[PDB]
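S.K.: Pasting input_8.pdb here (PDB, C-alpha atoms and all ligand atoms):
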ATOM      1  CA  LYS Y   3       0.000   0.000   0.000  1.00  0.00           C
ATOM      2  CA  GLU Y   4       2.904   2.302   1.070  1.00  0.00           C
ATOM      3  CA  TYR Y   5       5.198   2.658  -1.972  1.00  0.00           C
ATOM      4  CA  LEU Y   6       8.444   4.483  -2.764  1.00  0.00           C
ATOM      5  CA  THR Y   7       8.306   7.615  -4.948  1.00  0.00           C
ATOM      6  CA  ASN Y   8      10.078  10.191  -7.172  1.00  0.00           C
ATOM      7  CA  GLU Y   9      13.004  11.348  -4.987  1.00  0.00           C
ATOM      8  CA  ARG Y  10      13.080   8.250  -2.700  1.00  0.00           C
ATOM      9  CA  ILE Y  11      14.343   6.284  -5.799  1.00  0.00           C
ATOM     10  CA  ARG Y  12      18.086   5.262  -5.902  1.00  0.00           C
ATOM     11  CA  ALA Y  13      17.493   2.398  -8.457  1.00  0.00           C
ATOM     12  CA  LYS Y  14      19.773   3.621 -11.315  1.00  0.00           C
ATOM     13  CA  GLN Y  15      17.839   2.080 -14.202  1.00  0.00           C
ATOM     14  CA  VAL Y  16      14.102   1.615 -13.834  1.00  0.00           C
ATOM     15  CA  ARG Y  17      11.986  -0.515 -16.165  1.00  0.00           C
ATOM     16  CA  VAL Y  18       9.697   2.510 -16.733  1.00  0.00           C
ATOM     17  CA  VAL Y  19       5.921   2.160 -16.449  1.00  0.00           C
ATOM     18  CA  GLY Y  20       3.919   5.155 -17.587  1.00  0.00           C
ATOM     19  CA  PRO Y  21       0.767   6.874 -16.204  1.00  0.00           C
ATOM     20  CA  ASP Y  22      -1.718   4.090 -17.140  1.00  0.00           C
ATOM     21  CA  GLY Y  23       0.243   0.756 -17.115  1.00  0.00           C
ATOM     22  CA  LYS Y  24       2.537   1.517 -20.089  1.00  0.00           C
ATOM     23  CA  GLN Y  25       5.695  -0.279 -21.226  1.00  0.00           C
ATOM     24  CA  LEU Y  26       8.120   2.370 -22.594  1.00  0.00           C
ATOM     25  CA  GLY Y  27      11.392   0.547 -21.671  1.00  0.00           C
ATOM     26  CA  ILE Y  28      14.376   0.776 -19.266  1.00  0.00           C
ATOM     27  CA  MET Y  29      14.950   4.481 -18.414  1.00  0.00           C
ATOM     28  CA  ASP Y  30      17.497   6.060 -15.995  1.00  0.00           C
ATOM     29  CA  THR Y  31      16.223   7.310 -12.573  1.00  0.00           C
ATOM     30  CA  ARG Y  32      16.789  10.928 -13.592  1.00  0.00           C
ATOM     31  CA  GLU Y  33      15.220  10.226 -16.996  1.00  0.00           C
ATOM     32  CA  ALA Y  34      12.177   8.689 -15.316  1.00  0.00           C
ATOM     33  CA  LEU Y  35      11.861  11.731 -13.041  1.00  0.00           C
ATOM     34  CA  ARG Y  36      12.052  14.043 -16.056  1.00  0.00           C
ATOM     35  CA  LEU Y  37       9.320  12.027 -17.775  1.00  0.00           C
ATOM     36  CA  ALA Y  38       7.148  12.282 -14.656  1.00  0.00           C
ATOM     37  CA  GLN Y  39       7.705  16.047 -14.549  1.00  0.00           C
ATOM     38  CA  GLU Y  40       6.681  16.302 -18.209  1.00  0.00           C
ATOM     39  CA  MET Y  41       3.271  14.746 -17.300  1.00  0.00           C
ATOM     40  CA  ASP Y  42       3.572  16.536 -13.845  1.00  0.00           C
ATOM     41  CA  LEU Y  43       2.776  13.127 -12.250  1.00  0.00           C
ATOM     42  CA  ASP Y  44       4.566  10.977  -9.611  1.00  0.00           C
ATOM     43  CA  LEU Y  45       7.005   8.201 -10.621  1.00  0.00           C
ATOM     44  CA  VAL Y  46       6.677   5.303  -8.133  1.00  0.00           C
ATOM     45  CA  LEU Y  47       9.447   2.739  -7.396  1.00  0.00           C
ATOM     46  CA  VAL Y  48       6.747   0.151  -6.612  1.00  0.00           C
ATOM     47  CA  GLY Y  49       9.134  -2.811  -6.506  1.00  0.00           C
ATOM     48  CA  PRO Y  50      12.948  -3.125  -5.909  1.00  0.00           C
ATOM     49  CA  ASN Y  51      12.266  -6.945  -6.036  1.00  0.00           C
ATOM     50  CA  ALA Y  52      11.687  -6.776  -9.824  1.00  0.00           C
ATOM     51  CA  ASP Y  53      13.690  -6.785 -13.075  1.00  0.00           C
ATOM     52  CA  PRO Y  54      15.546  -3.500 -13.495  1.00  0.00           C
ATOM     53  CA  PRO Y  55      14.020  -2.274 -10.084  1.00  0.00           C
ATOM     54  CA  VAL Y  56      10.827  -0.666 -11.266  1.00  0.00           C
ATOM     55  CA  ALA Y  57       9.334   2.897 -11.126  1.00  0.00           C
ATOM     56  CA  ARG Y  58       5.781   3.776 -12.248  1.00  0.00           C
ATOM     57  CA  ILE Y  59       4.241   7.188 -13.096  1.00  0.00           C
ATOM     58  CA  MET Y  60       0.820   7.846 -11.420  1.00  0.00           C
ATOM     59  CA  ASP Y  61      -0.759  10.693  -9.352  1.00  0.00           C
ATOM     60  CA  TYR Y  62       0.692   9.016  -6.282  1.00  0.00           C
ATOM     61  CA  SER Y  63      -0.945  11.177  -3.626  1.00  0.00           C
ATOM     62  CA  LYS Y  64      -4.345  11.101  -5.302  1.00  0.00           C
ATOM     63  CA  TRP Y  65      -4.023   7.351  -5.884  1.00  0.00           C
ATOM     64  CA  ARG Y  66      -3.205   6.829  -2.203  1.00  0.00           C
ATOM     65  CA  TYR Y  67      -6.211   8.921  -1.183  1.00  0.00           C
ATOM     66  CA  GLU Y  68      -8.427   6.804  -3.444  1.00  0.00           C
ATOM     67  CA  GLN Y  69      -7.009   3.631  -1.916  1.00  0.00           C
ATOM     68  CA  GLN Y  70      -7.610   4.942   1.593  1.00  0.00           C
ATOM     69  CA  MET Y  71     -11.216   5.767   0.701  1.00  0.00           C
ATOM     70  CA  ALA Y  72     -11.685   2.265  -0.699  1.00  0.00           C
ATOM     71  CA  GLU Y  73      -9.614   0.744   2.109  1.00  0.00           C
ATOM     72  CA  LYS Y  74     -11.656   2.673   4.678  1.00  0.00           C
ATOM     73  CA  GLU Y  75     -14.755   0.831   3.489  1.00  0.00           C
ATOM     74  CA  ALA Y  76     -12.885  -2.477   3.673  1.00  0.00           C
ATOM     75  CA  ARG Y  77     -11.264  -1.629   7.088  1.00  0.00           C
ATOM     76  CA  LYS Y  78     -14.689  -0.619   8.532  1.00  0.00           C
ATOM     77  CA  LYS Y  79     -16.059  -4.000   7.273  1.00  0.00           C
ATOM     78  CA  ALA Y  80     -12.807  -5.836   8.313  1.00  0.00           C
ATOM     79  CA  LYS Y  81     -13.766  -5.760  11.991  1.00  0.00           C
ATOM     80  CA  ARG Y  82     -17.536  -5.687  11.160  1.00  0.00           C
ATOM     81  CA  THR Y  83     -18.647  -7.314  14.459  1.00  0.00           C
ATOM     82  CA  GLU Y  84     -16.251  -9.417  16.530  1.00  0.00           C
ATOM     83  CA  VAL Y  85     -16.821 -11.262  19.857  1.00  0.00           C
ATOM     84  CA  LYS Y  86     -18.860  -9.883  22.720  1.00  0.00           C
ATOM     85  CA  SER Y  87     -18.055 -11.810  25.917  1.00  0.00           C
ATOM     86  CA  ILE Y  88     -20.306 -12.476  28.920  1.00  0.00           C
ATOM     87  CA  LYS Y  89     -19.108 -14.034  32.166  1.00  0.00           C
ATOM     88  CA  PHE Y  90     -21.843 -15.982  33.984  1.00  0.00           C
ATOM     89  CA  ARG Y  91     -21.184 -17.695  37.340  1.00  0.00           C
ATOM     90  CA  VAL Y  92     -22.001 -21.149  38.772  1.00  0.00           C
ATOM     91  CA  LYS Y  93     -24.562 -19.834  41.240  1.00  0.00           C
ATOM     92  CA  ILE Y  94     -26.493 -17.223  39.107  1.00  0.00           C
ATOM     93  CA  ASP Y  95     -29.878 -15.839  40.213  1.00  0.00           C
ATOM     94  CA  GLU Y  96     -32.884 -15.151  38.053  1.00  0.00           C
ATOM     95  CA  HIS Y  97     -33.135 -11.419  37.355  1.00  0.00           C
ATOM     96  CA  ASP Y  98     -29.388 -11.328  36.705  1.00  0.00           C
ATOM     97  CA  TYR Y  99     -29.742 -14.277  34.332  1.00  0.00           C
ATOM     98  CA  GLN Y 100     -32.566 -12.507  32.505  1.00  0.00           C
ATOM     99  CA  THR Y 101     -30.444  -9.372  32.186  1.00  0.00           C
ATOM    100  CA  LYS Y 102     -27.581 -11.382  30.756  1.00  0.00           C
ATOM    101  CA  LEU Y 103     -29.923 -13.092  28.293  1.00  0.00           C
ATOM    102  CA  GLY Y 104     -31.252  -9.711  27.165  1.00  0.00           C
ATOM    103  CA  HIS Y 105     -27.710  -8.449  26.652  1.00  0.00           C
ATOM    104  CA  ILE Y 106     -26.859 -11.513  24.595  1.00  0.00           C
ATOM    105  CA  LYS Y 107     -29.978 -11.033  22.461  1.00  0.00           C
ATOM    106  CA  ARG Y 108     -29.040  -7.407  21.849  1.00  0.00           C
ATOM    107  CA  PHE Y 109     -25.540  -8.442  20.808  1.00  0.00           C
ATOM    108  CA  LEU Y 110     -26.946 -11.037  18.425  1.00  0.00           C
ATOM    109  CA  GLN Y 111     -29.245  -8.443  16.885  1.00  0.00           C
ATOM    110  CA  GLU Y 112     -26.306  -6.069  16.445  1.00  0.00           C
ATOM    111  CA  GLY Y 113     -24.453  -8.868  14.628  1.00  0.00           C
ATOM    112  CA  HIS Y 114     -21.727 -10.078  16.969  1.00  0.00           C
ATOM    113  CA  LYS Y 115     -20.497 -13.524  17.944  1.00  0.00           C
ATOM    114  CA  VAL Y 116     -20.962 -14.147  21.658  1.00  0.00           C
ATOM    115  CA  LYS Y 117     -18.592 -15.871  24.057  1.00  0.00           C
ATOM    116  CA  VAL Y 118     -20.914 -17.258  26.701  1.00  0.00           C
ATOM    117  CA  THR Y 119     -18.223 -17.815  29.319  1.00  0.00           C
ATOM    118  CA  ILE Y 120     -18.130 -19.093  32.915  1.00  0.00           C
ATOM    119  CA  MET Y 121     -15.432 -18.269  35.438  1.00  0.00           C
ATOM    120  CA  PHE Y 122     -14.924 -20.861  38.155  1.00  0.00           C
ATOM    121  CA  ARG Y 123     -13.279 -21.261  41.546  1.00  0.00           C
ATOM    122  CA  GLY Y 124     -13.047 -24.526  43.509  1.00  0.00           C
ATOM    123  CA  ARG Y 125     -15.547 -27.391  43.601  1.00  0.00           C
ATOM    124  CA  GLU Y 126     -15.298 -28.744  40.015  1.00  0.00           C
ATOM    125  CA  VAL Y 127     -17.831 -31.551  40.751  1.00  0.00           C
ATOM    126  CA  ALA Y 128     -21.245 -29.972  40.034  1.00  0.00           C
ATOM    127  CA  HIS Y 129     -19.463 -27.364  37.850  1.00  0.00           C
ATOM    128  CA  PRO Y 130     -19.961 -28.709  34.288  1.00  0.00           C
ATOM    129  CA  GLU Y 131     -23.545 -29.790  34.984  1.00  0.00           C
ATOM    130  CA  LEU Y 132     -24.318 -26.382  36.454  1.00  0.00           C
ATOM    131  CA  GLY Y 133     -22.779 -24.680  33.421  1.00  0.00           C
ATOM    132  CA  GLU Y 134     -24.902 -26.831  31.120  1.00  0.00           C
ATOM    133  CA  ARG Y 135     -28.014 -25.945  33.102  1.00  0.00           C
ATOM    134  CA  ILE Y 136     -27.395 -22.265  32.397  1.00  0.00           C
ATOM    135  CA  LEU Y 137     -25.810 -22.268  29.070  1.00  0.00           C
ATOM    136  CA  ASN Y 138     -27.900 -24.781  27.140  1.00  0.00           C
ATOM    137  CA  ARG Y 139     -31.084 -23.175  28.492  1.00  0.00           C
ATOM    138  CA  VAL Y 140     -29.839 -19.774  27.340  1.00  0.00           C
ATOM    139  CA  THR Y 141     -29.058 -21.180  23.897  1.00  0.00           C
ATOM    140  CA  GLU Y 142     -32.546 -22.696  23.689  1.00  0.00           C
ATOM    141  CA  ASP Y 143     -34.070 -19.337  24.590  1.00  0.00           C
ATOM    142  CA  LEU Y 144     -32.052 -17.679  21.754  1.00  0.00           C
ATOM    143  CA  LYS Y 145     -32.454 -20.635  19.282  1.00  0.00           C
ATOM    144  CA  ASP Y 146     -34.598 -18.307  17.183  1.00  0.00           C
ATOM    145  CA  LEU Y 147     -31.631 -15.821  16.987  1.00  0.00           C
ATOM    146  CA  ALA Y 148     -28.375 -17.727  17.545  1.00  0.00           C
ATOM    147  CA  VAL Y 149     -26.478 -20.860  16.510  1.00  0.00           C
ATOM    148  CA  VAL Y 150     -24.186 -22.952  18.783  1.00  0.00           C
ATOM    149  CA  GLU Y 151     -20.655 -22.883  17.368  1.00  0.00           C
ATOM    150  CA  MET Y 152     -18.779 -23.931  20.491  1.00  0.00           C
ATOM    151  CA  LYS Y 153     -20.305 -26.287  23.065  1.00  0.00           C
ATOM    152  CA  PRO Y 154     -19.467 -26.792  26.797  1.00  0.00           C
ATOM    153  CA  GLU Y 155     -15.660 -26.582  26.532  1.00  0.00           C
ATOM    154  CA  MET Y 156     -13.015 -26.456  29.229  1.00  0.00           C
ATOM    155  CA  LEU Y 157     -10.206 -23.953  29.728  1.00  0.00           C
ATOM    156  CA  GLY Y 158      -9.225 -25.335  33.158  1.00  0.00           C
ATOM    157  CA  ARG Y 159     -10.294 -22.653  35.659  1.00  0.00           C
ATOM    158  CA  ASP Y 160     -13.097 -21.650  33.277  1.00  0.00           C
ATOM    159  CA  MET Y 161     -15.639 -22.905  30.737  1.00  0.00           C
ATOM    160  CA  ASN Y 162     -16.613 -21.368  27.380  1.00  0.00           C
ATOM    161  CA  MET Y 163     -19.362 -21.440  24.691  1.00  0.00           C
ATOM    162  CA  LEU Y 164     -19.903 -19.479  21.479  1.00  0.00           C
ATOM    163  CA  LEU Y 165     -22.964 -18.097  19.823  1.00  0.00           C
ATOM    164  CA  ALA Y 166     -22.757 -16.624  16.351  1.00  0.00           C
ATOM    165  CA  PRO Y 167     -26.189 -15.237  15.201  1.00  0.00           C
ATOM    166  CA  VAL Y 168     -28.414 -17.175  12.758  1.00  0.00           C
ATOM    167  CA  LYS Y 169     -28.453 -14.845   9.667  1.00  0.00           C
ATOM    168  CA  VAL Y 170     -25.323 -13.211   8.213  1.00  0.00           C
TER     169      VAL Y 170
ATOM    170  CA  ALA R   1     -31.753 -33.151  79.485  1.00  0.00           C
ATOM    171  CA  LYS R   2     -30.720 -32.323  75.876  1.00  0.00           C
ATOM    172  CA  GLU R   3     -33.403 -33.971  73.770  1.00  0.00           C
ATOM    173  CA  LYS R   4     -31.363 -36.173  71.383  1.00  0.00           C
ATOM    174  CA  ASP R   5     -34.278 -36.611  68.912  1.00  0.00           C
ATOM    175  CA  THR R   6     -32.020 -34.718  66.403  1.00  0.00           C
ATOM    176  CA  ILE R   7     -32.436 -36.324  62.934  1.00  0.00           C
ATOM    177  CA  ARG R   8     -29.001 -36.857  61.380  1.00  0.00           C
ATOM    178  CA  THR R   9     -29.935 -37.233  57.672  1.00  0.00           C
ATOM    179  CA  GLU R  10     -27.834 -36.504  54.551  1.00  0.00           C
ATOM    180  CA  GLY R  11     -28.677 -34.124  51.721  1.00  0.00           C
ATOM    181  CA  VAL R  12     -27.166 -32.897  48.471  1.00  0.00           C
ATOM    182  CA  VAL R  13     -27.154 -29.075  48.189  1.00  0.00           C
ATOM    183  CA  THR R  14     -29.664 -27.695  45.683  1.00  0.00           C
ATOM    184  CA  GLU R  15     -29.212 -23.994  46.259  1.00  0.00           C
ATOM    185  CA  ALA R  16     -27.278 -21.213  47.937  1.00  0.00           C
ATOM    186  CA  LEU R  17     -28.868 -18.382  49.926  1.00  0.00           C
ATOM    187  CA  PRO R  18     -27.392 -15.687  52.205  1.00  0.00           C
ATOM    188  CA  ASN R  19     -25.910 -16.078  55.719  1.00  0.00           C
ATOM    189  CA  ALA R  20     -25.034 -19.623  54.679  1.00  0.00           C
ATOM    190  CA  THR R  21     -28.671 -20.790  54.494  1.00  0.00           C
ATOM    191  CA  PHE R  22     -29.203 -23.561  51.919  1.00  0.00           C
ATOM    192  CA  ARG R  23     -32.164 -25.346  50.302  1.00  0.00           C
ATOM    193  CA  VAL R  24     -30.571 -28.875  50.285  1.00  0.00           C
ATOM    194  CA  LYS R  25     -32.404 -31.826  48.671  1.00  0.00           C
ATOM    195  CA  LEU R  26     -32.230 -34.780  51.004  1.00  0.00           C
ATOM    196  CA  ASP R  27     -31.535 -38.506  50.775  1.00  0.00           C
ATOM    197  CA  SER R  28     -34.599 -38.616  53.086  1.00  0.00           C
ATOM    198  CA  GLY R  29     -36.973 -36.868  50.606  1.00  0.00           C
ATOM    199  CA  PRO R  30     -37.732 -33.064  50.929  1.00  0.00           C
ATOM    200  CA  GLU R  31     -35.711 -29.868  50.319  1.00  0.00           C
ATOM    201  CA  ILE R  32     -35.956 -27.659  53.377  1.00  0.00           C
ATOM    202  CA  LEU R  33     -34.363 -24.586  54.788  1.00  0.00           C
ATOM    203  CA  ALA R  34     -31.186 -25.784  56.488  1.00  0.00           C
ATOM    204  CA  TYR R  35     -28.564 -23.229  57.662  1.00  0.00           C
ATOM    205  CA  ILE R  36     -24.801 -23.829  58.244  1.00  0.00           C
ATOM    206  CA  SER R  37     -22.928 -25.203  61.272  1.00  0.00           C
ATOM    207  CA  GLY R  38     -21.097 -22.639  63.318  1.00  0.00           C
ATOM    208  CA  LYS R  39     -18.131 -25.028  63.276  1.00  0.00           C
ATOM    209  CA  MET R  40     -17.996 -24.972  59.491  1.00  0.00           C
ATOM    210  CA  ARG R  41     -18.178 -21.176  59.464  1.00  0.00           C
ATOM    211  CA  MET R  42     -15.313 -20.996  61.958  1.00  0.00           C
ATOM    212  CA  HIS R  43     -13.274 -23.424  59.841  1.00  0.00           C
ATOM    213  CA  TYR R  44     -14.116 -21.507  56.607  1.00  0.00           C
ATOM    214  CA  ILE R  45     -15.381 -24.655  54.870  1.00  0.00           C
ATOM    215  CA  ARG R  46     -17.259 -23.316  51.855  1.00  0.00           C
ATOM    216  CA  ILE R  47     -20.500 -25.164  51.158  1.00  0.00           C
ATOM    217  CA  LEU R  48     -21.133 -25.037  47.412  1.00  0.00           C
ATOM    218  CA  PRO R  49     -24.266 -26.151  45.429  1.00  0.00           C
ATOM    219  CA  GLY R  50     -24.042 -29.911  44.662  1.00  0.00           C
ATOM    220  CA  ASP R  51     -22.677 -31.429  47.920  1.00  0.00           C
ATOM    221  CA  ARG R  52     -23.769 -34.257  50.266  1.00  0.00           C
ATOM    222  CA  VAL R  53     -23.891 -32.508  53.704  1.00  0.00           C
ATOM    223  CA  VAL R  54     -25.444 -33.930  56.876  1.00  0.00           C
ATOM    224  CA  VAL R  55     -28.623 -31.921  57.583  1.00  0.00           C
ATOM    225  CA  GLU R  56     -29.610 -32.332  61.227  1.00  0.00           C
ATOM    226  CA  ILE R  57     -33.366 -32.053  61.686  1.00  0.00           C
ATOM    227  CA  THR R  58     -35.720 -31.043  64.535  1.00  0.00           C
ATOM    228  CA  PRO R  59     -38.910 -33.160  65.096  1.00  0.00           C
ATOM    229  CA  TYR R  60     -40.849 -29.958  65.960  1.00  0.00           C
ATOM    230  CA  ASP R  61     -40.225 -28.713  62.425  1.00  0.00           C
ATOM    231  CA  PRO R  62     -38.292 -30.702  59.791  1.00  0.00           C
ATOM    232  CA  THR R  63     -38.828 -27.814  57.294  1.00  0.00           C
ATOM    233  CA  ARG R  64     -35.756 -26.136  58.862  1.00  0.00           C
ATOM    234  CA  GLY R  65     -32.474 -27.994  59.276  1.00  0.00           C
ATOM    235  CA  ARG R  66     -28.880 -27.475  60.420  1.00  0.00           C
ATOM    236  CA  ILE R  67     -25.851 -28.431  58.296  1.00  0.00           C
ATOM    237  CA  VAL R  68     -23.423 -30.442  60.407  1.00  0.00           C
ATOM    238  CA  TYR R  69     -20.721 -32.026  58.294  1.00  0.00           C
ATOM    239  CA  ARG R  70     -18.313 -30.964  55.561  1.00  0.00           C
ATOM    240  CA  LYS R  71     -19.941 -32.140  52.296  1.00  0.00           C
TER     241      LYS R  71
HETATM  242 MG    MG D   1     -29.086 -37.093  66.906  1.00  0.00          MG
END
Mind converting the file's structure to structure tokens?
Ligand SMILES: [Mg+2]
M.R.:
Amino acid sequence: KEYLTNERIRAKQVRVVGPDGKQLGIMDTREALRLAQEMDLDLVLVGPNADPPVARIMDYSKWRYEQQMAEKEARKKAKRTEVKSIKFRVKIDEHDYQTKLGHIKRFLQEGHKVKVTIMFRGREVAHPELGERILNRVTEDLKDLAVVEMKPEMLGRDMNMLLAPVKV
Amino acid sequence: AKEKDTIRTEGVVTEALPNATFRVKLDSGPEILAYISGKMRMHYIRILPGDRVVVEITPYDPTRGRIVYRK
């Protein structure tokens, strides 16, 4: 994305590429610069990896701006919803549970994948069962909105589930 | 005299409530209010939901118990 231009160029002989994707031939650095000046445009050493390390006339700044504009759209959509995490607990009472459920629903609506996570302490006996009791129920409640991608899965001191929404 | 009618029956913990009061479902049958031993509290032995404690029971009212032994 970030390329090397006009006066950055030390590559003695460049396999010159004109304004539009031209093939003129192998011109000197200075020669290339002169050519660029003639058009007023920006000669861009795009690759030193090439054959006679190559410099290419374009409106560099403008081109970059264009890219950024395009890239902005892509970059905005590159994140486009990630993982929202919620940490339940083994005990969990009802209003709290409801609240959590609501939150999860909201997240789903927004578009995000949801890590339905449990932090633990001691007493691993009733743990997994208890987790199931919460988590599966929750999933069932949001079966209209969400799809199970990760099931009851251990992390050691924790447990974790994942809910991507139904429709993309 | 100390009336020794005290019913020494086991129960698996259903639920947690404050002050270390616990609805515990018994081997005997019911789930009734049963609060912690003082001993346990002193010894910091954390009762957690899903444990087979010994719920001592009064014949005047079984509906309330007292947790005696560590899970
Ligand atoms: Mg007795």
S.K.: Wanna dump the chain R-ligand MG 1 (chain D) contacts at 7 Å for me, each residue with its shortest atom pair and the distance in Å to one decimal, counting all atoms listed in the file, ordered by chain and number, as CSV?
M.R.:
residue,atom,partner,partner_atom,distance
R:4,CA,D:MG1,MG,5.1
R:5,CA,D:MG1,MG,5.6
R:6,CA,D:MG1,MG,3.8
R:7,CA,D:MG1,MG,5.3
R:8,CA,D:MG1,MG,5.5
S.K.: To verify the selection step, state as a PyMOL selection string which residues the PyMOL selection byres (((chain R and resi 29) around 12) and not hetatm) yields on this input.
M.R.: chain R and resi 9-12+24-28+30-32+55+62-63
S.K.: For residue R:51, please output as a list in words all residues within 7 Å (counting only C-alpha atoms; exclusion window: fewer than 2 positions along the same chain).
M.R.: residues 12, 13, 48, 49, 53 and 71 of chain R
S.K.: Calculated over all atoms listed in the file, which of the candidates R:47, R:2, R:38, R:19 has the smallest distance to chain Y?
M.R.: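 That would be R:47, the residue with the smallest distance to chain Y.
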S.K.: Just checking: using all atoms listed in the file, which residue out of R:66, R:41, R:23, R:46 ends up closest to residue Y:124?
M.R.: R:46
S.K.: Determine which residues of chain Y sit within 12 Å of chain R, taking into account only C-alpha atoms, and present them as a list in words.
M.R.: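 On the chain Y side, the interface is residues 92, 93, 94, 95, 122, 123, 124, 125, 126, 127, 128, 129, 130, 131 and 132 of chain Y.
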S.K.: Write the residues of the preceding selection, restricted to C-alpha atoms, as a compact mmCIF listing (two decimals), keeping the file's coordinate frame.
M.R.:
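Saved file selection.txt follows:
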# COMPACT_ATOMS: atom_id res chain seq x y z
CA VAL Y 92 -22.00 -21.15 38.77
CA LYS Y 93 -24.56 -19.83 41.24
CA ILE Y 94 -26.49 -17.22 39.11
CA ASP Y 95 -29.88 -15.84 40.21
CA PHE Y 122 -14.92 -20.86 38.16
CA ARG Y 123 -13.28 -21.26 41.55
CA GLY Y 124 -13.05 -24.53 43.51
CA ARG Y 125 -15.55 -27.39 43.60
CA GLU Y 126 -15.30 -28.74 40.02
CA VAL Y 127 -17.83 -31.55 40.75
CA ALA Y 128 -21.24 -29.97 40.03
CA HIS Y 129 -19.46 -27.36 37.85
CA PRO Y 130 -19.96 -28.71 34.29
CA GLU Y 131 -23.54 -29.79 34.98
CA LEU Y 132 -24.32 -26.38 36.45
S.K.: Assuming the chain letters and numbering stay as they are in my file, what does the PyMOL selection byres (((chain Y and resi 107-110) around 9) and not hetatm) actually select? List them as a PyMOL selection string.
M.R.: chain Y and resi 86+102-106+111-116+144+147-148+165-168
S.K.: Contacts of residue R:37 at 8 Å or less, counting all atoms listed in the file, minus same-chain residues fewer than 5 places along, as a PyMOL selection string?
M.R.: chain R and resi 66-69
S.K.: Atom CA of residue Y:63 to atom CA of residue Y:27: how many Å, to one decimal?
M.R.: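 Separation between atom CA of residue Y:63 and atom CA of residue Y:27: 24.3 Å.
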S.K.: If I take atom CA of residue Y:30 and atom CA of residue Y:53, how far is one from the other in Å, to one decimal?
M.R.: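 Taking atom CA of residue Y:30 and atom CA of residue Y:53, their separation equals 13.7 Å.
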S.K.: Could you work out how far atom CA of residue Y:72 lies from atom CA of residue Y:41, giving the answer in Å with one decimal?
M.R.: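 Between atom CA of residue Y:41 and atom CA of residue Y:72 the gap is 25.6 Å.
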S.K.: Measuring between all atoms listed in the file, which one of Y:157, Y:150, Y:60, Y:136 shows the shortest distance to residue Y:98?
M.R.: Y:136
S.K.: Expand the PyMOL selection byres (((chain Y and resi 17-19) around 8) and not hetatm) into the individual residues it matches in the shown file, reporting them as a list in words.
M.R.: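 Output of the PyMOL selection byres (((chain Y and resi 17-19) around 8) and not hetatm): residues 15, 16, 20, 21, 22, 23, 24, 25, 26, 27, 28, 29, 34, 53, 54, 55, 56, 57, 58 and 59 of chain Y.
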S.K.: Looking at R:35, R:20, R:1, R:45, which one is nearest to residue R:57, with distances taken over all atoms listed in the file?
M.R.: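 Ranked by minimum distance to residue R:57, first place goes to R:35.
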S.K.: I want to know what sits within 10 Å of residue Y:152, based on all atoms listed in the file, with residues of the same chain fewer than 5 positions away left out; could you give that as a VMD selection string?
M.R.: chain Y and resid 117 to 118 162 to 166
